[PDB]
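Beneath this line is the structure, given in structure tokens, with notes to follow.
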Amino acid sequence: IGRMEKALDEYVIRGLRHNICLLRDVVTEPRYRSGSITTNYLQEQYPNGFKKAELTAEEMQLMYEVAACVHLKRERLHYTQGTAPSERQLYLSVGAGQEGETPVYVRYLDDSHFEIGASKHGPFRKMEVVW
Amino acid sequence: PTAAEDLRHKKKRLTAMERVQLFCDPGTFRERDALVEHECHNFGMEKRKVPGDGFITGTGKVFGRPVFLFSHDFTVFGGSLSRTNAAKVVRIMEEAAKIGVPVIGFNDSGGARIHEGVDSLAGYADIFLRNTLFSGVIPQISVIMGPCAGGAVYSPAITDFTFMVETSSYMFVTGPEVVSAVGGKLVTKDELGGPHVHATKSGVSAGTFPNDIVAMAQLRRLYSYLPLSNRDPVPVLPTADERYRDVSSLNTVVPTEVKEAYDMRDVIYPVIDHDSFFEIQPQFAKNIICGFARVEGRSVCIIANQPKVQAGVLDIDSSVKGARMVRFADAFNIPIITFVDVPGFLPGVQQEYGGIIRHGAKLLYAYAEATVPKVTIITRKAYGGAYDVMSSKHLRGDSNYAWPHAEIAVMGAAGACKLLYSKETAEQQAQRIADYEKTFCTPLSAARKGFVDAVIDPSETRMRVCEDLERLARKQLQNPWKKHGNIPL
Amino acid sequence: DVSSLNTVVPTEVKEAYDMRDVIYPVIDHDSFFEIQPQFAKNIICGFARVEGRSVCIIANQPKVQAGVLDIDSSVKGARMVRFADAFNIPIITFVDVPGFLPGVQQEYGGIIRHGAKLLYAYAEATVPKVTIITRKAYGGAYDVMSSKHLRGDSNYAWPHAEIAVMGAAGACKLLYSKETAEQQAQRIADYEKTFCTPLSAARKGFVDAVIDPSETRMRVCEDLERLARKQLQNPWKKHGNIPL
Ligand SMILES: O=CCCCC[C@@H]1SC[C@@H]2NC(=O)N[C@@H]21
Ligand SMILES: O=CCCCC[C@@H]1SC[C@@H]2NC(=O)N[C@@H]21
């Protein structure tokens, strides 16, 4: 299953819609991983239309961190020669109303390594992003 | 400390200094002049002097490259110009003429300052002359953040590109009060000169943005494309994308039926680098696309027809749009890449009553006068004078290519069959139109004459374009000596 | 960090100071090569480096003769400016002048010819120029020492500067012919307060900005880096006709 989970996310499809979200949500459901299912499983678990399951706090935090890293990496490309920055303090907030402003730092110690933290003078984790 | 700007933000609007701070780098703005007064002494203006005098001019720095800018201030006197306001702008433009640096201005003026008399006209004239002289020397970009009325509208017009903000901006020559006075019609300011009107109807505005923040964010991206001056070379940026990336999806873009339509962006996007298109005038004359893009890390100019809208037929508005884009691109040594799909010109009385002859000649003049490297690709068809206009090989074109299902003919098969057989026996349609289209509506004849270099598979377009654009990097061509041309206005 | 420049200028207008205390912090360490050190000591000329590039230095000195322009100083500065411009070398000047040296010997020796040489050299030059007014600039001396109107690139002043037509006494005398006696006390002070300050010259637009003395190195490096590629040309001539 884990393999499928991972393999679903690496399938790049552009130009038309698909049902990969439904497959992902069905596989990730703890009912499906319980061990047994039924033939009325789908409509039993999807009474009104279809609604994809949401994200937990840590997943949304990780998405924020990766977004900040990507922003910094693409920003450094446009600068000329060595006149480029290496650290910022960003304020990420999804939604049109800025729901949950989360301050973020970034350091870009190498080509594919950062020092993400809460802000300046905050403990750093040194994750990795390759894009 | 957030003093004196609470009144501004309460109206859901930003300040000039905040806009300047958002545009440039975090700490690289050096305000030039800050303690200047109007010295008017008329109509009870001897009092209420202001330190900044309603203008903010500085130098700044974007992406490590220098810039010059100025911003109007709406709080102070409504942003009106004077004998003294225009002096700062003139000094900035003169300095940016000595050094090869561009100029960007954020217009917010409410009109002229009446209390100065004709001195406002003097300042306007000086700014107009500087814009006229320095156009083609340094790129000029203008953004309109608020009201812009009176005769001040003309200086943004001479500038290369004008952008507009959606909710709280407008521009026109004469106010609606005079329109009501003379004609008797009641029209609001937005109905007269709103951003939508200039985006779709008049064709003056080159774009529209939803917010000031987005305006700055994308203005930086636009600035990343431009060359610094007239004599400086085209910028080249590092990029991980490579010319060996596979593009085989182009083999299927063109439908096998001649009456079905397709989107030209499906051809434009694969050739250029990923996520590197900046469309210019997206909502005006949609049958033609113009903008900037990068090919192997160097900025180029894109001009292509679109059979999605009106069968990709040339027109007045499309001609003006393409002509302006080509002229600007050539003025600053930027390569041009074109994609051709045209059945001809739009037929109609309104067209001749509006002067198609003048307007359609502008694109041809711009294409013929240009001396930058050109690359042309004929995908499906090219008929009549439209084939000549859209950068044909005879107009000193560098390299021309065609796709295996193209067609290059004098006109459609029906008209040729009609003219070639006056009173030939009836039913001549079936056994003559098919034969003529088979024999002469194909790139074989044009290739025999030598009008296309080679017939290529659609999968090799990126390879060919990168090769040619790399080889043509150092072309030196010059026109005969002239004081200047005489373009059909 | 150069914060020692905040204290170089004394708070009294009649006390003297050494201009080298202003010259040395701005340029790089141990990089001054004085030219003609023992002749016309009221003016200093030489070569120096700013951020690794050679520049030309021309500054007055209130230590010697109150920093007053003269014949010999004019010749020295004119020759230095002409040589520096001939070979595309940036020029940086520091201004502190009360005027020209008064005396019969001066007119009997041709001050009119010699003082025009420095003005000609400053006006003819096309290299980037930077000017800093520390304390004062009066009369034609302000015009001569690379004023903004002579196609100067950037001009700066310090917060206690003074730019006026002449001293307060002469202006008060000419502005009130036979005004009631004791006019000295309540007129000279007022005129010096109102017009012997950089506010009026800044209002007219003759100085770009009024800066803290601690930012001089930053401003000079920024301007000299930006001005690296200026291209200016004079009208066509076989050659000039300088006042010999
Ligand atoms: O066959 C009759 C109408 C054909 C029009 C073909 C297109 S419409 C605009 C343009 N002008 C032409 O003469 N041909 C094209
Ligand atoms: O007040 C009387 C004498 C003031 C002289 C002030 C200095 S001396 C040389 C120069 N020439 C002037 O007119 N003023 C300055």
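Across peptide C:202-209, the mean count of Cβ atoms from other chains lying within 10 Å of each residue's own Cβ comes to 5. Each of C:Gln231, B:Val103, C:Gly205 was scored by the projection of its Cα onto the charge dipole of the protein assembly as shown, and the greatest displacement toward the positive side belongs to C:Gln231; charges sit on the C-beta of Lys, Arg, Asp and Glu. Over all pairs of different C-alpha atoms in segment B:249-472, the reciprocal of the mean inverse distance, the Kirkwood hydrodynamic radius, equals 18.3 Å.
Seen through its C-alpha gyration tensor, with square-root eigenvalues sorted a ≥ b ≥ c, segment B:5-224 comes out rounded because a/c lies under 1.5.
Entry note, chain B: relative contact order of 9 percent, from Cα contacts under 8 Å with a spacing of 6+ residues.
Taking a label point 7 Å from the Cα of A:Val27 along the Cα→Cβ vector, which residues of segment A:44-78 have an amide N closer than 12 Å to it? Once the point is set 7 Å along Cα→Cβ of A:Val27, nothing inside segment A:44-78 turns out to lie under 12 Å by backbone N. The ratio of the alpha-carbon radius of gyration of the protein assembly as shown to the globular-protein estimate 2.2 N^0.38 Å is 1.20. Basic side chains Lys and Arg get +1 at the Cβ, acidic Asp and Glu get -1 at the Cβ, and with that the dipole of chain B about its Cα centre reaches some 700 debye.
For segment B:249-472, the relative contact order comes to 16 percent (Cα pairs under 8 Å, sequence separation of at least 6). Counting only DSSP beta bridges with both residues in the protein assembly as shown, the antiparallel share comes to about 40 percent. Per residue of peptide A:119-127, the mean number of Cβ atoms on other chains within 10 Å of the residue Cβ is 0.
Counting only residues at least eight positions apart within a chain, or on another chain, the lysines with an alpha carbon under 24 Å from that of A:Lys126 are A:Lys6, A:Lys73. In whole Å, what is the distance between the alpha-carbon centres of segment C:18-47 and segment C:201-244? Here the two parts' Cα centres lie 20 Å apart. Charge tally around B:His359: other residues with Cβ under 9 Å, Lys/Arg +1 each, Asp/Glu -1 each, net 0.
Coupling constants for segment B:291-296 follow from the phi torsions by the Karplus curve (6.51 cos²θ - 1.76 cosθ + 1.60, θ = phi - 60°), and in residue order they are x, 10, 7, 10, 10, 6 Hz; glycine and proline get x. For segment C:156-213, the set of chymotrypsin sites (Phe, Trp or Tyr not before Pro) satisfying both a DSSP loop assignment and a count of at most 12 other C-beta atoms within 10 Å is given as C:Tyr176. What FRET efficiency do you get for B:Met17 and B:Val455 if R0 is 56 Å and r is their Cβ-Cβ distance, rounded to the nearest 0.05? According to the calculation, E is roughly 0.45.
Test of understanding: extend the Cα→C-beta vector of B:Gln350 to 7 Å, then name every residue of segment B:312-343 with backbone N under 14 Å from that spot. Residues passing the 14 Å test: B:315-318.
Charge dipole (Cα centre; +1 on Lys/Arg Cβ, -1 on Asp/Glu Cβ; no other charges) of chain A amounts to roughly 240 debye. Site pair B:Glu257 and C:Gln183 shows an inter-label distance of 10.0 nm when each label is modelled 7 Å from Cα along Cα→Cβ. Here each label is just a point 7 Å from Cα along the line to Cβ, and for C:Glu34 and C:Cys221 those points are 2.7 nm apart. By the count of other C-beta atoms within 10 Å, a proxy for reagent exposure, B:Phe339, B:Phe328 are ordered fewest to most as B:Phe328, B:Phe339. Net charge of the neighbourhood of B:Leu395, taken over other residues with C-beta under 12 Å away and scored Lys/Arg +1, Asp/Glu -1, is 0.
Remark: B:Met390, B:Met17, A:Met4, B:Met264 ranked as A:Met4, B:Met17, B:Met264, B:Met390, counting other beta-carbon atoms within 10 Å and listing the fewest first. Once you've got the Cα coordinates, tell me which of B:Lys12/B:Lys49; B:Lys98/C:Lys238; C:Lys14/C:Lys173; B:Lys12/C:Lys204; B:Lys482/C:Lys148 are over 29 Å apart. Beyond 29 Å between Cα atoms: B:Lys12/C:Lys204; B:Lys482/C:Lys148.
Quick one: net charge around B:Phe63, please, counting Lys, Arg +1 and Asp, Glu -1 for every other residue with C-beta under 14 Å from its C-beta. It works out to a net charge of +4. The longest part of chain C holding none of the exposed loop trypsin sites (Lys or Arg not before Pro), meaning those outside H, G, I, E and B in DSSP with at most 13 other Cβ atoms within 10 Å, is C:15-177. Under 29 Å of direct C-alpha separation, and excluding same-chain neighbours fewer than eight residues apart, B:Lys185 reaches these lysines: B:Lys201. Relative contact order of segment B:381-489: 32 percent, from C-alpha pairs under 8 Å at least 6 residues apart in sequence.
Counting neighbouring beta carbons within 10 Å and listing from fewest to most, the residues A:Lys73, B:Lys47 come out as B:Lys47, A:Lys73. The slack between B:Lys47 and B:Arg265, meaning 0.36 nm per residue of separation minus the straight C-alpha distance, is 72.5 nm. Label separation (A:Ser86 vs B:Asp388): 6.2 nm, computed from points 7 Å beyond Cα along the C-beta direction.
Applying 1/(1 + (r/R0)^6) with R0 = 45 Å to the Cβ-Cβ distance of B:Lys286 and A:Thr38 gives a FRET efficiency near 0.30.
Taking a virtual spin label 7 Å from the Cα of C:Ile211 along the C-beta vector, which residues in segment C:40-66 bring their backbone nitrogen under 12 Å of it? The answer is none, because no backbone nitrogen lies closer than 12 Å to the label point.
Prolate is the label for chain B, because a/c, from the alpha-carbon gyration tensor with a ≥ b ≥ c as root eigenvalues, is 1.5 or above and a/b exceeds b/c. Legend: mean number of C-beta atoms from other chains within 10 angstrom of residue C-beta atoms, peptide C:159-167, equals 0.
Cβ coordinates were reconstructed from backbone atoms using ideal geometry, including for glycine residues, and neighbour counts include every protein chain displayed. Values quoted throughout were computed directly from the atomic coordinates according to the rules given, and no laboratory measurement underlies them.
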